[PDB]
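Q: Input structure: data_14.tsv, which contains TSV, C-alpha atoms.
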```tsv
chain	number	residue	atom	x	y	z
N	1	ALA	CA	1.15	24.37	-7.95
N	2	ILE	CA	2.93	23.72	-4.68
N	3	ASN	CA	1.30	20.77	-2.89
N	4	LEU	CA	1.00	19.72	0.75
N	5	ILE	CA	3.24	16.76	-0.10
N	6	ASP	CA	5.88	19.28	-1.26
N	7	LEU	CA	5.69	21.33	1.97
N	8	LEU	CA	6.24	18.10	3.95
N	9	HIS	CA	9.14	17.20	1.63
N	10	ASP	CA	11.70	17.83	4.40
N	11	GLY	CA	9.72	15.84	6.99
N	12	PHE	CA	9.02	12.84	4.74
N	13	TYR	CA	12.76	12.50	3.98
N	14	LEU	CA	13.43	11.79	7.67
N	15	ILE	CA	10.64	9.18	7.57
N	16	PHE	CA	12.46	7.64	4.61
N	17	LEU	CA	15.79	7.56	6.50
N	18	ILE	CA	14.35	5.61	9.44
N	19	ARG	CA	12.69	3.23	7.02
N	20	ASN	CA	16.14	2.93	5.43
N	21	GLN	CA	17.64	1.96	8.80
N	22	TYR	CA	19.35	5.30	9.51
N	23	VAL	CA	19.44	5.87	13.27
N	24	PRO	CA	19.42	9.42	14.69
N	25	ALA	CA	22.57	10.16	16.67
N	26	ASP	CA	20.62	12.39	19.10
N	27	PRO	CA	17.02	11.18	19.62
N	28	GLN	CA	15.81	14.37	21.39
N	29	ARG	CA	17.45	16.70	18.89
N	30	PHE	CA	15.73	14.58	16.23
N	31	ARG	CA	12.36	15.14	17.93
N	32	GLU	CA	12.70	18.94	18.11
N	33	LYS	CA	13.68	18.91	14.43
N	34	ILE	CA	10.33	17.22	13.63
N	35	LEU	CA	8.41	19.73	15.77
N	36	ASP	CA	10.08	22.68	14.06
N	37	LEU	CA	9.42	21.16	10.63
N	38	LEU	CA	5.73	20.83	11.47
N	39	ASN	CA	5.52	24.49	12.52
N	40	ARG	CA	7.46	25.52	9.38
N	41	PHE	CA	5.00	23.40	7.41
N	42	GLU	CA	2.06	25.05	9.11
N	43	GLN	CA	3.26	28.67	8.78
N	44	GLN	CA	3.99	27.96	5.09
N	45	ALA	CA	0.73	26.12	4.40
N	46	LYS	CA	-1.26	28.86	6.17
N	47	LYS	CA	0.37	31.57	4.00
N	48	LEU	CA	-0.35	29.62	0.87
N	49	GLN	CA	-3.97	29.71	2.04
N	50	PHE	CA	-4.66	26.01	2.57
N	51	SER	CA	-7.68	25.46	4.80
N	52	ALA	CA	-7.14	24.89	8.52
N	53	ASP	CA	-8.51	21.34	8.22
N	54	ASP	CA	-6.05	20.44	5.43
N	55	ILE	CA	-3.13	21.71	7.54
N	56	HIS	CA	-4.47	19.94	10.64
N	57	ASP	CA	-5.01	16.61	8.86
N	58	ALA	CA	-1.70	16.61	6.96
N	59	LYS	CA	0.20	17.17	10.20
N	60	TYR	CA	-1.98	14.53	11.93
N	61	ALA	CA	-1.17	11.91	9.27
N	62	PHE	CA	2.54	12.70	9.40
N	63	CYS	CA	2.60	12.36	13.19
N	64	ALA	CA	0.69	9.07	13.09
N	65	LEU	CA	3.20	7.88	10.45
N	66	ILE	CA	6.44	8.97	12.17
N	67	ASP	CA	5.23	7.47	15.45
N	68	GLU	CA	4.59	4.00	14.00
N	69	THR	CA	7.72	3.94	11.84
N	70	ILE	CA	9.78	4.46	15.01
N	71	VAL	CA	7.86	2.17	17.37
N	72	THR	CA	7.70	-0.82	14.92
N	73	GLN	CA	11.47	-0.93	14.47
N	74	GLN	CA	12.88	-4.24	15.67
N	75	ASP	CA	16.50	-3.93	15.18
N	76	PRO	CA	18.39	-3.23	18.47
N	77	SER	CA	20.17	-0.09	17.25
N	78	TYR	CA	16.81	1.73	17.51
N	79	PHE	CA	16.48	0.87	21.21
N	80	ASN	CA	17.55	4.30	22.54
N	81	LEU	CA	15.51	6.26	20.00
N	82	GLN	CA	12.43	4.21	20.85
N	83	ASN	CA	13.02	4.61	24.59
N	84	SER	CA	13.18	8.40	24.34
N	85	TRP	CA	10.25	8.59	21.91
N	86	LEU	CA	7.81	6.45	23.95
N	87	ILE	CA	7.97	9.04	26.75
N	88	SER	CA	5.64	11.16	24.59
N	89	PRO	CA	4.72	10.06	21.08
N	90	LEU	CA	3.72	12.98	18.88
N	91	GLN	CA	0.19	11.64	18.44
N	92	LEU	CA	-0.23	11.92	22.20
N	93	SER	CA	1.77	15.11	22.63
N	94	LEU	CA	0.19	17.10	19.78
N	95	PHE	CA	-3.29	15.57	19.57
N	96	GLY	CA	-3.77	13.87	22.95
N	97	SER	CA	-4.64	10.77	20.93
N	98	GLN	CA	-3.72	7.10	20.86
N	99	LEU	CA	-6.41	6.15	18.31
N	100	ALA	CA	-4.44	7.01	15.16
N	101	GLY	CA	-4.43	3.38	13.99
N	102	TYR	CA	-8.21	3.68	13.56
N	103	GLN	CA	-8.82	7.40	13.16
N	104	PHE	CA	-6.32	7.87	10.32
N	105	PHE	CA	-8.75	5.69	8.32
N	106	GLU	CA	-11.89	7.55	9.46
N	107	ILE	CA	-10.31	10.82	8.25
N	108	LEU	CA	-9.24	9.08	5.06
N	109	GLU	CA	-12.84	8.03	4.33
N	110	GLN	CA	-13.98	11.63	4.85
N	111	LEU	CA	-11.40	12.88	2.30
N	112	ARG	CA	-12.16	10.22	-0.30
N	113	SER	CA	-15.77	11.41	-0.01
N	114	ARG	CA	-14.84	15.07	-0.45
N	115	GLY	CA	-12.78	14.19	-3.55
N	116	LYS	CA	-11.55	17.30	-5.35
N	117	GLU	CA	-12.20	19.81	-2.55
N	118	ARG	CA	-9.82	18.08	-0.12
N	119	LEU	CA	-7.50	16.36	-2.62
N	120	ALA	CA	-4.41	18.11	-1.25
N	121	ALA	CA	-5.05	16.49	2.13
N	122	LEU	CA	-5.88	13.15	0.52
N	123	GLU	CA	-2.59	13.05	-1.42
N	124	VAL	CA	-0.80	13.24	1.96
N	125	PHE	CA	-2.83	10.39	3.49
N	126	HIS	CA	-2.10	8.22	0.42
N	127	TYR	CA	1.62	9.04	0.60
N	128	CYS	CA	1.78	8.07	4.27
N	129	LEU	CA	0.26	4.75	3.19
N	130	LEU	CA	2.96	4.24	0.50
N	131	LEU	CA	5.68	5.02	3.09
N	132	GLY	CA	4.59	2.08	5.26
N	133	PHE	CA	1.83	3.29	7.54
N	134	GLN	CA	-0.46	0.37	8.44
N	135	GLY	CA	-2.29	1.42	11.60
N	136	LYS	CA	-5.20	-0.84	12.36
N	137	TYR	CA	-4.49	-3.06	9.32
N	138	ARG	CA	-1.29	-4.40	10.93
N	139	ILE	CA	-3.21	-7.03	12.96
N	140	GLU	CA	-6.07	-7.50	10.50
N	141	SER	CA	-5.41	-9.03	7.09
N	142	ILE	CA	-2.70	-7.03	5.33
N	143	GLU	CA	-3.81	-7.68	1.74
N	144	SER	CA	-6.86	-5.60	2.63
N	145	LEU	CA	-4.48	-2.69	3.15
N	146	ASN	CA	-2.71	-3.01	-0.20
N	147	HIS	CA	-6.02	-2.97	-2.02
N	148	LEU	CA	-7.03	0.13	-0.06
N	149	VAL	CA	-3.77	1.86	-0.98
N	150	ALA	CA	-4.25	0.83	-4.60
N	151	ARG	CA	-7.70	2.41	-4.99
N	152	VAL	CA	-7.12	5.58	-3.04
N	153	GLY	CA	-4.28	5.90	-5.51
N	154	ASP	CA	-6.73	5.26	-8.35
N	155	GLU	CA	-9.16	7.91	-7.05
N	156	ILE	CA	-6.38	10.48	-6.92
N	157	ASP	CA	-5.46	9.58	-10.51
N	158	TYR	CA	-9.17	9.89	-11.37
N	159	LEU	CA	-9.64	13.28	-9.71
N	160	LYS	CA	-7.00	14.78	-12.06
```
What do you get writing this file as structure tokens?
A:
Amino acid sequence: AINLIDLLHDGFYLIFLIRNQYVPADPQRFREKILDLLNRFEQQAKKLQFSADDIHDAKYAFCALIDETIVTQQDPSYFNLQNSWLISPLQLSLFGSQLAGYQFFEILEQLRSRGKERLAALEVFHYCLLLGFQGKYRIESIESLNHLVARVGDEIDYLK
């Protein structure tokens, strides 16, 4: 009954704080807190017997989401947290990737297709979309992204 969204409950709250304009007092202590929460999340998700791909893709989505929340911030208070983060964004540090804007949506299309068998992973990718992740849709039309969020949400409602 515990979900992958619930294991990331501590990590998503810190996403919510940055969205809510809270600024970490210590950027590098903030970053090691994220890394330890992702290992906690993995150790706990592995013991609850979630598949290695579900664990991998939930952490991937959260890292794509935390990276873009931080880098898109325009208010000048975030200037020191952005300057320490851009040294190594977690997409690049943990996955060697800079293609998350596109590949988050490739992985999402794989999970929509797998439906019930990967629905724990797909609930995470939907929740990253409700907490502001845009990726590749930021420069394309944005209404296209709301309709995508709406129907992935519908499919999750349907799969229950």
Q: Tell me, as a list in words, which residues lie within 12 Å of residue 6 in chain N, counting all atoms listed in the file; anything in the same chain fewer than 4 positions away does not count.
A: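 Returned residues: residues 1, 2, 10, 11, 12, 13, 41, 44, 45, 58, 120, 121, 123, 124 and 127 of chain N.
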Q: Please measure the separation of CA of residue 23 in chain N and CA of residue 77 in chain N, giving the value in Å to one decimal.
A: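 Atom-to-atom, CA of residue 23 in chain N and CA of residue 77 in chain N are spaced 7.2 Å apart.
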Q: Can you pull out every residue within 9 Å of range 108-119 of chain N, counting all atoms listed in the file, but drop anything in the same chain fewer than 6 positions away, and send it as a ChimeraX atom specification?
A: /N:54,125-126,152,155-156,159-160
Q: Smallest atom-to-atom distance to residue 18 in chain N: which of N:81, N:32, N:60, N:37, using only C-alpha atoms?
A: N:81
Q: What is the distance, in Å and to one decimal place, between CA of residue 105 in chain N and CA of residue 82 in chain N?
A: 24.7 Å
Q: Do you have the CA of residue 49 in chain N-CA of residue 31 in chain N distance handy?
A: 27.0 Å
Q: Counting all atoms listed in the file, what is within 8 Å of residue 91 in chain N, bar same-chain residues fewer than 5 positions away, as a PyMOL selection string?
A: chain N and resi 60+63-64+67+96-98+100
Q: Name the closest residue to residue 85 in chain N among the candidates N:25, N:142, N:70, N:149; distances are taken between atoms, counting all atoms listed in the file.
A: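 Closest candidate: N:70.
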